[PDB]
Amino acid sequence: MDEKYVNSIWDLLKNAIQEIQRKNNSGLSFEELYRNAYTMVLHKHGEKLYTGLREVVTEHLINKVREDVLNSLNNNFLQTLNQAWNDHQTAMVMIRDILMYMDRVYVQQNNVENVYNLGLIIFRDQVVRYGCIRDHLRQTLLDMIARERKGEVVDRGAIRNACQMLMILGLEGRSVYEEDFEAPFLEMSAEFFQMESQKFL
Amino acid sequence: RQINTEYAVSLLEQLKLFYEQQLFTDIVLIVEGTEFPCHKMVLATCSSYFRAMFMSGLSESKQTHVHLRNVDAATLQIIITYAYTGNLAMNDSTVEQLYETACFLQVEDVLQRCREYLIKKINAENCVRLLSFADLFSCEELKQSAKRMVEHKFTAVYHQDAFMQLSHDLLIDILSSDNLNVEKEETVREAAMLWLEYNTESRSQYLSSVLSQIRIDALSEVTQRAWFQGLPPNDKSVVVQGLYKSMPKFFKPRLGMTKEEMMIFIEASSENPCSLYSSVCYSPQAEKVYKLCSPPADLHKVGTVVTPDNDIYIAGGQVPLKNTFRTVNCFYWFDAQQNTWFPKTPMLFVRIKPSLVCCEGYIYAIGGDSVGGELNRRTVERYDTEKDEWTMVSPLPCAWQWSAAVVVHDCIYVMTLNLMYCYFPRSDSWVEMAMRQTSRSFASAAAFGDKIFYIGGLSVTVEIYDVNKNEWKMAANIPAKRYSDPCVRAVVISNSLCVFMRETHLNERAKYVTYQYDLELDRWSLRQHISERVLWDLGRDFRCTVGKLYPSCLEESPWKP
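Conventions and cut-offs
Residues numbered from 1 in each chain as written, not as in the entry; some residues may be left out. Chains lettered and ligands numbered in written order. Part of a larger assembly, values for the part shown. Heavy atoms only, no water. Residues with missing side-chain atoms left out of burial classes, pairs and counts. UniProt positions renumbered as here; feature names shortened; annotations may be inferred. Helix = DSSP H or I, 4+ residues; strand = E, 2+ residues; numbered from the N terminus. Salt bridge = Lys/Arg side-chain N within 4 Å of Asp/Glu carboxyl O. Buried < 20%, exposed > 50% of the residue type's maximum accessible area, 1.4 Å probe, protein only. Contact = heavy atoms within 4.5 Å. Buried area = accessible area lost by both parts, 1.4 Å probe. Polar contact = N/O pair within 3.5 Å; in protein donor to acceptor, adjacent residues only side chain to side chain. Nonpolar A, V, L, I, M, F, W, Y, C, P; charged D, E, K, R; others polar.

In the PDB header, cryo-EM is given as the technique by which the entry was determined, and 3.96 Å as its resolution.

Here it is in structure tokens:
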């Protein structure tokens, strides 16, 4: 139909998506959103919907979680990161349901990554691989693992949660997680064990 | 492990019974005021949308009444009953709405079933309609199949009402494709024009795009003057953009112009000893021998027929049982571009070497050992090329074997040892015709013009029959070397009666040669002698028929001269 109708449909869908991402998914209808997605993709306007979804997701991430992680880099940094990851996953569940109904046709025709993969990629690009968050996370994980190796006991399930989060963020296998975690950890372990062997001999 | 013997059937039947009695239901679907009480588990396991409808945490997950819109009541009811019993029972009319509702509800199994049903029912007319349907709801299989069917048939019709209402992308894909089955380049031009005359001033940019698509070979004929007649006033840059489409954009020859009139042969002498028979072709003009893929690749003793629209069909046949020759009533059709064989609706009786005759757009299979043990042994069965079904007709008057049948003046004619009957399609009855003075069998006849030429029989018997005169007469004897058993084949070539005969002697090699016969001369003039350097031996049970084929799609048969 006219551009006004599809623009209004997209505007209301974006408002609903933002409301869902704000931990307010209780009072929101699902049939209306699915019908709007049907009438949106049916008219061969999937590219606009995909671009708008990407823009909305990246704007929401940069506004909320990028500020939250940087604001709490010293007070439960890893706990806040895990909570943000869990919230992102639990919103992307429904987001991926709707936009995966869309994704069937879209990626069987346009040959692109699915919306779950798109969200994972944008999260990796905007949070984990940030210019400041990445180095801080590396330094804090190295510090806590070194302190654990020293002899004193620290939290261990949290490190497992972080490693699982990075492995899922890999999204293809062990390409990003292996490098980002192991390589600084490999160097730290190398120096630590070299010093330990030199002391022991 | 899924034990299918006790629990599966019992569980499904008890679930169906619970659905009937409205027991243990917790969700009800509201469809334009109609209530459909059902269960969430069956909807989740069947549809990929209801699982998200009831699992994803939202306002409708905890909602006893859900108002689902944009869905038909009958389609949703049939989907629910298929989910509750496993049987679809789809008709031929409500397929489009059922597929639309399945796509909306994302029910994969019924989607695949409807896709197969639609891909099997692109017969003659819904091709463009279902092509647009598949363009609206992305379906690669349906899209490709409908595209091929359109390229085959619309290129001969190009006047369908549904074809006018098409999206620009689909029309561009259709027109720019090199699969147009058109022997001339102006028909596509006028088709594009008439597609751009009923909707003008609305698709002027798309008019220019289609104008460029049809390319210079048809752009330089009349399009400029017609557009000048029909252009909107005060349009200047449109003239500039239209004038540019004269030089560029790679003018190349099409593919539909290669409809060379050739001869399709079946059951030839196979080269590799692992195979028994093969189907090959001969080019009267190119003087080359092409090959074709066997339709079943294992079944033989088939019959051939060629419609006026140049279509190849195969019916009946026998195949070895391969235990550690059984008759099959299967049907097949030859693809003019894919070089394959798509099966069609099978017959009702397992015939041996059926004789298929085309008339009034219907395929008539006459005789050919129907079941043999019929109460009325002399029966026939025809085919519907539009409805895709077999309809019983008036049976044969007399039971005959090794008979031949042709069509003349839109009338069915079947020839036997000495008798001939004319079947009236309008009244569905047989009328007695003239009786031949010679009793000859194991021969075939050709329908050239308004005269039937029954050639051969056991020889060189040339008995010419005329429908308007209703009499049998002799013309001459074909010049053949003595002490030989010729294998005669009569068929129409380039609107001229000709024959294809092979002579075999003792301790001698077979020779292939075709002669040109004249009506008033009663002589078979030497037209062309088929050299053995290109064509090898065929056999004894080979058949010949006239048809047009594509050289590029087919492949040459490799054989040492």
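Further notes follow.
> Outline the UniProt feature "domain: BACK" in chain B, supporting the account with residue identities and numerical values.
The sites that carry the UniProt feature "domain: BACK" are, in the present numbering, residues 127-223 of chain B. When the span residues 127-223 of chain B is considered, its composition is 71% helix and 0% strand, and the gap between its end C-alpha atoms is 28 Å.

> Can you tell me about the pattern of salt bridges, naming the residues and giving the values?
Under the defined criterion, the tally for this structure stands at 18 salt bridges over all chains. Measuring nitrogen to oxygen at the nearest pair gives 3.8 Å for the salt bridge that ties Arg147 of chain A to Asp143 of chain A. Of this pair, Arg147 of chain A and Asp143 of chain A both sit in helix α6 (residues 133-150), four residues apart, which is roughly one turn of that helix. Using a relative accessible area of 32% as the deciding quantity, one classes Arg147 of chain A as partly exposed. You can call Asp143 of chain A partly exposed: its relative accessible area is 46%. In this structure, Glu141 of chain B engages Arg115 of chain B in a salt bridge whose closest nitrogen and oxygen atoms are separated by 3.9 Å. In this pair, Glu141 of chain B sits in helix α8 (residues 140-157) while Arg115 of chain B sits in helix α6 (residues 108-119), placing the two residues 26 residues apart along the sequence. Among the residues examined, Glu141 of chain B registers a relative accessible area of 40% and is labelled partly exposed. A cluster of three or more residues bridged by salt bridges with shared partners is formed by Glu31, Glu32 and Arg35 of chain A together with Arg69 of chain B.

> Outline the interface of chain B and chain A, listing residues and values.
Counting from both sides, the interface comprises 23 residues of chain B and, opposite them, 18 residues of chain A. Summed over both sides, the interface of chain B with chain A buries roughly 1,900 Å², with 55% coming from carbon and sulfur. Per-residue buried area on chain B facing chain A is highest for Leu58, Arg69 and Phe104 of chain B; these three make up 27% of the total on that side. Taken together, the links from chain B to chain A amount to two salt bridges. Between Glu31 of chain A and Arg69 of chain B there is a salt bridge; the shortest N-O distance is 3.0 Å. Linking chain B to chain A there are nine residue pairs in polar contact. Looking at which element gives the most residues to the side of chain B that touches chain A, the answer is helix α5 (residues 95-105) of chain B, with three residues. Across the side of chain B that touches chain A, the residue classes tally to nine nonpolar, eight polar and six charged.

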